[PDB]
Amino acid sequence: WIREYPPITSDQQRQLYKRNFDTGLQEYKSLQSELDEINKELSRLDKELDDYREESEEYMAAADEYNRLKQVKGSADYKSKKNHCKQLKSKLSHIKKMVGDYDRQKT
C-alpha cells in the first residue's frame, strides 16, 4: 500500500487520503454487513436447533436452512467478498497511519 499511499508531504495530499479512506470505509462497512447477515442467521438457527425436538419437522426445517447457509458461506462469492474485506481493512489501516503520522508532525 505504500506505493499507492506513501508518506504525506502536504495538507492537500492528507485531505485526498482522508477522502479515499472514507470511500473505502463505506465499502468495508457495507461488505461487512452483508457477510454478517449470514452469520447472524446461522446463530439464530443454532438456537432453534437447541430449542426444537430432534424428531420434529421444525428441527428438520432449521437443519435444512442451516446447511443452505453454510453452503453459501463456503461459496466462491462469499469467500471472495471476505477476502476483499481483509484487503480493504489492511489498506484503510495503512492510510490512517499515514494521516496520523503527518498530523503528528504538524503538531
# chains A, B, ... in the order shown; residues from 1 in each chain; ligands from 1
$ select_by_dssp --residues "region 5-90 of chain A" --states "helix (DSSP H, G or I)" --output "PyMOL selection string"
chain A and resi 11-51+57-73+76-90
$ closest_residue --among "A:36, A:11, A:41, A:4" --to "residue 67 (chain A)" --atoms "only C-alpha atoms"
A:41
$ closest_residue --among "A:31, A:98, A:92, A:61" --to "residue 79 (chain A)" --atoms "only C-alpha atoms"
A:31
$ atom_distance --atom1 "CA of residue 86 (chain A)" --atom2 "CA of residue 42 (chain A)"
21.5 Å
$ atom_distance --atom1 "CA of residue 91 (chain A)" --atom2 "CA of residue 70 (chain A)"
28.7 Å
$ residues_around --residues "region 18-22 of chain A" --least-positions-apart "3" --cutoff "7 Å" --atoms "only C-alpha atoms" --output "PyMOL selection string"
chain A and resi 14-15+25-26+92+95
$ write_last_selection --atoms "N, CA, C and O atoms" --output "compact mmCIF listing (two decimals), in the first residue's frame"
# COMPACT_ATOMS: atom_id res chain seq x y z
N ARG A 14 -2.96 15.05 2.31
CA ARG A 14 -3.61 14.48 3.50
C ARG A 14 -5.13 14.45 3.30
O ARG A 14 -5.80 13.46 3.63
N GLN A 15 -5.71 15.54 2.78
CA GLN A 15 -7.16 15.59 2.59
C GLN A 15 -7.63 14.56 1.56
O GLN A 15 -8.68 13.93 1.72
N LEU A 25 -13.93 3.07 3.62
CA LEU A 25 -14.62 2.65 4.87
C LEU A 25 -16.07 2.34 4.56
O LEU A 25 -16.67 1.40 5.14
N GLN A 26 -16.68 3.11 3.66
CA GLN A 26 -18.07 2.86 3.30
C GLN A 26 -18.18 1.47 2.66
O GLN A 26 -19.08 0.68 2.99
N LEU A 92 -7.04 0.45 4.65
CA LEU A 92 -7.55 1.54 5.50
C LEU A 92 -6.63 1.74 6.68
O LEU A 92 -6.34 2.88 7.06
N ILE A 95 -3.65 3.75 5.38
CA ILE A 95 -3.94 5.16 5.12
C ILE A 95 -4.10 5.94 6.43
O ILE A 95 -3.61 7.07 6.56
$ residues_around --residues "residue 49 (chain A)" --least-positions-apart "6" --cutoff "12 Å" --atoms "only C-alpha atoms" --output "PDB file with N, CA and C atoms, in the first residue's frame"
ATOM      1  N   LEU A  42     -27.197 -17.798  10.891  1.00  0.00           N
ATOM      2  CA  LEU A  42     -26.690 -19.103  11.380  1.00  0.00           C
ATOM      3  C   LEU A  42     -26.766 -19.200  12.900  1.00  0.00           C
ATOM      4  N   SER A  43     -26.513 -18.084  13.595  1.00  0.00           N
ATOM      5  CA  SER A  43     -26.561 -18.062  15.060  1.00  0.00           C
ATOM      6  C   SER A  43     -27.991 -18.275  15.553  1.00  0.00           C
ATOM      7  N   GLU A  55     -36.833 -34.930  16.541  1.00  0.00           N
ATOM      8  CA  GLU A  55     -37.709 -35.666  15.648  1.00  0.00           C
ATOM      9  C   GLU A  55     -38.754 -34.787  14.981  1.00  0.00           C
ATOM     10  N   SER A  56     -38.787 -33.503  15.356  1.00  0.00           N
ATOM     11  CA  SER A  56     -39.792 -32.593  14.833  1.00  0.00           C
ATOM     12  C   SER A  56     -39.529 -32.066  13.432  1.00  0.00           C
ATOM     13  N   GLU A  57     -40.602 -31.645  12.776  1.00  0.00           N
ATOM     14  CA  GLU A  57     -40.460 -31.100  11.444  1.00  0.00           C
ATOM     15  C   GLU A  57     -39.761 -29.740  11.577  1.00  0.00           C
ATOM     16  N   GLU A  58     -39.963 -29.052  12.705  1.00  0.00           N
ATOM     17  CA  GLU A  58     -39.333 -27.732  12.963  1.00  0.00           C
ATOM     18  C   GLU A  58     -37.813 -27.894  12.989  1.00  0.00           C
ATOM     19  N   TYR A  59     -37.326 -28.962  13.633  1.00  0.00           N
ATOM     20  CA  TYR A  59     -35.882 -29.204  13.676  1.00  0.00           C
ATOM     21  C   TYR A  59     -35.341 -29.488  12.264  1.00  0.00           C
ATOM     22  N   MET A  60     -36.042 -30.296  11.473  1.00  0.00           N
ATOM     23  CA  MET A  60     -35.570 -30.618  10.146  1.00  0.00           C
ATOM     24  C   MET A  60     -35.524 -29.345   9.298  1.00  0.00           C
ATOM     25  N   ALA A  61     -36.492 -28.449   9.483  1.00  0.00           N
ATOM     26  CA  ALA A  61     -36.518 -27.195   8.676  1.00  0.00           C
ATOM     27  C   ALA A  61     -35.318 -26.330   9.019  1.00  0.00           C
ATOM     28  N   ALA A  62     -35.018 -26.245  10.309  1.00  0.00           N
ATOM     29  CA  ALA A  62     -33.892 -25.416  10.761  1.00  0.00           C
ATOM     30  C   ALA A  62     -32.595 -26.015  10.260  1.00  0.00           C
ATOM     31  N   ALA A  63     -32.434 -27.333  10.384  1.00  0.00           N
ATOM     32  CA  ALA A  63     -31.233 -28.002   9.880  1.00  0.00           C
ATOM     33  C   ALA A  63     -31.046 -27.809   8.363  1.00  0.00           C
ATOM     34  N   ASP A  64     -32.136 -27.906   7.596  1.00  0.00           N
ATOM     35  CA  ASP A  64     -32.029 -27.703   6.146  1.00  0.00           C
ATOM     36  C   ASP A  64     -31.539 -26.271   5.853  1.00  0.00           C
ATOM     37  N   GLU A  65     -32.100 -25.294   6.537  1.00  0.00           N
ATOM     38  CA  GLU A  65     -31.687 -23.905   6.281  1.00  0.00           C
ATOM     39  C   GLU A  65     -30.257 -23.676   6.766  1.00  0.00           C
ATOM     40  N   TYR A  66     -29.903 -24.244   7.921  1.00  0.00           N
ATOM     41  CA  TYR A  66     -28.532 -24.088   8.393  1.00  0.00           C
ATOM     42  C   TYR A  66     -27.558 -24.584   7.322  1.00  0.00           C
TER      43      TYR A  66
END
$ residues_around --residues "region 101-105 of chain A" --least-positions-apart "2" --cutoff "8 Å" --atoms "only C-alpha atoms" --output "list in words"
residues 7, 8, 9, 14, 97, 98, 99 and 107 of chain A
$ residues_around --residues "residue 73 (chain A)" --least-positions-apart "4" --cutoff "9 Å" --atoms "only C-alpha atoms" --output "PyMOL selection string"
chain A and resi 35+38-39+68-69+77-79
$ write_last_selection --atoms "N, CA, C and O atoms" --output "CSV table (one decimal), in the first residue's frame"
chain,number,residue,atom,x,y,z
A,35,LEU,N,-21.8,-9.8,4.9
A,35,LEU,CA,-21.2,-11.1,5.4
A,35,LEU,C,-21.8,-11.4,6.8
A,35,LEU,O,-22.0,-12.5,7.1
A,38,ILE,N,-25.4,-13.4,7.1
A,38,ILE,CA,-25.4,-14.8,7.1
A,38,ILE,C,-25.0,-15.4,8.4
A,38,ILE,O,-25.6,-16.3,8.9
A,39,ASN,N,-24.0,-14.8,9.1
A,39,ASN,CA,-23.6,-15.3,10.4
A,39,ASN,C,-24.7,-15.1,11.4
A,39,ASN,O,-24.9,-15.9,12.3
A,68,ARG,N,-28.1,-24.8,4.1
A,68,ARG,CA,-28.2,-23.9,2.9
A,68,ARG,C,-27.2,-22.7,3.1
A,68,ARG,O,-26.5,-22.3,2.2
A,69,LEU,N,-27.3,-22.2,4.3
A,69,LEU,CA,-26.5,-21.0,4.6
A,69,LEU,C,-25.0,-21.4,4.7
A,69,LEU,O,-24.1,-20.6,4.3
A,77,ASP,N,-18.4,-16.7,-4.0
A,77,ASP,CA,-18.8,-15.3,-3.8
A,77,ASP,C,-18.6,-14.8,-2.4
A,77,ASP,O,-18.0,-13.8,-2.2
A,78,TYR,N,-19.1,-15.6,-1.4
A,78,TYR,CA,-18.9,-15.2,0.0
A,78,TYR,C,-17.4,-15.1,0.3
A,78,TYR,O,-16.9,-14.1,1.0
A,79,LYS,N,-16.6,-16.1,0.0
A,79,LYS,CA,-15.2,-16.2,0.3
A,79,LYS,C,-14.4,-15.1,-0.3
A,79,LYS,O,-13.5,-14.5,0.3
$ decode --residues "region 64-90 of chain A" --atoms "N, CA and C atoms" --output "compact mmCIF listing (two decimals), in the first residue's frame"
# COMPACT_ATOMS: atom_id res chain seq x y z
N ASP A 64 -32.14 -27.91 7.60
CA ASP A 64 -32.03 -27.70 6.15
C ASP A 64 -31.54 -26.27 5.85
N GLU A 65 -32.10 -25.29 6.54
CA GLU A 65 -31.69 -23.91 6.28
C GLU A 65 -30.26 -23.68 6.77
N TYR A 66 -29.90 -24.24 7.92
CA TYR A 66 -28.53 -24.09 8.39
C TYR A 66 -27.56 -24.58 7.32
N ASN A 67 -27.83 -25.75 6.73
CA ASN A 67 -26.94 -26.28 5.72
C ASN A 67 -26.96 -25.41 4.45
N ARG A 68 -28.11 -24.83 4.10
CA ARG A 68 -28.16 -23.94 2.91
C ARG A 68 -27.23 -22.74 3.14
N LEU A 69 -27.29 -22.19 4.34
CA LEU A 69 -26.45 -21.01 4.61
C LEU A 69 -24.98 -21.36 4.71
N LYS A 70 -24.65 -22.54 5.28
CA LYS A 70 -23.24 -22.94 5.32
C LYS A 70 -22.71 -23.09 3.91
N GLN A 71 -23.55 -23.58 3.00
CA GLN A 71 -23.13 -23.75 1.61
C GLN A 71 -22.83 -22.38 1.03
N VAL A 72 -23.68 -21.40 1.30
CA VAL A 72 -23.45 -20.04 0.75
C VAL A 72 -22.15 -19.48 1.36
N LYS A 73 -21.95 -19.70 2.66
CA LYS A 73 -20.77 -19.16 3.34
C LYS A 73 -19.50 -19.74 2.75
N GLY A 74 -19.56 -20.98 2.29
CA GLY A 74 -18.38 -21.58 1.71
C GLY A 74 -18.22 -21.35 0.21
N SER A 75 -19.16 -20.62 -0.40
CA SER A 75 -19.19 -20.32 -1.84
C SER A 75 -18.06 -19.38 -2.27
N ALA A 76 -17.76 -19.40 -3.57
CA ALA A 76 -16.75 -18.50 -4.13
C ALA A 76 -17.13 -17.03 -3.90
N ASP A 77 -18.42 -16.70 -4.03
CA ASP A 77 -18.85 -15.31 -3.82
C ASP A 77 -18.59 -14.83 -2.40
N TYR A 78 -19.08 -15.58 -1.41
CA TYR A 78 -18.86 -15.17 -0.03
C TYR A 78 -17.38 -15.11 0.35
N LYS A 79 -16.62 -16.13 -0.05
CA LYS A 79 -15.21 -16.17 0.33
C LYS A 79 -14.41 -15.07 -0.33
N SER A 80 -14.74 -14.74 -1.57
CA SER A 80 -14.01 -13.67 -2.26
C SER A 80 -14.39 -12.33 -1.60
N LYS A 81 -15.65 -12.17 -1.20
CA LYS A 81 -16.02 -10.92 -0.51
C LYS A 81 -15.27 -10.83 0.83
N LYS A 82 -15.12 -11.96 1.53
CA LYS A 82 -14.41 -11.96 2.78
C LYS A 82 -12.96 -11.54 2.50
N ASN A 83 -12.38 -12.07 1.43
CA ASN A 83 -11.01 -11.67 1.13
C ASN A 83 -10.91 -10.19 0.78
N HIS A 84 -11.88 -9.68 0.04
CA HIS A 84 -11.90 -8.26 -0.35
C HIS A 84 -11.98 -7.40 0.92
N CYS A 85 -12.74 -7.85 1.92
CA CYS A 85 -12.82 -7.07 3.15
C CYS A 85 -11.48 -7.02 3.87
N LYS A 86 -10.75 -8.14 3.91
CA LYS A 86 -9.46 -8.16 4.58
C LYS A 86 -8.49 -7.19 3.89
N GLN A 87 -8.56 -7.13 2.56
CA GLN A 87 -7.68 -6.24 1.78
C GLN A 87 -8.02 -4.80 2.11
N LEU A 88 -9.31 -4.47 2.13
CA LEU A 88 -9.74 -3.10 2.45
C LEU A 88 -9.32 -2.72 3.84
N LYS A 89 -9.56 -3.61 4.81
CA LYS A 89 -9.19 -3.31 6.19
C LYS A 89 -7.69 -2.97 6.26
N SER A 90 -6.86 -3.73 5.54
CA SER A 90 -5.41 -3.52 5.53
C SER A 90 -5.04 -2.16 4.95
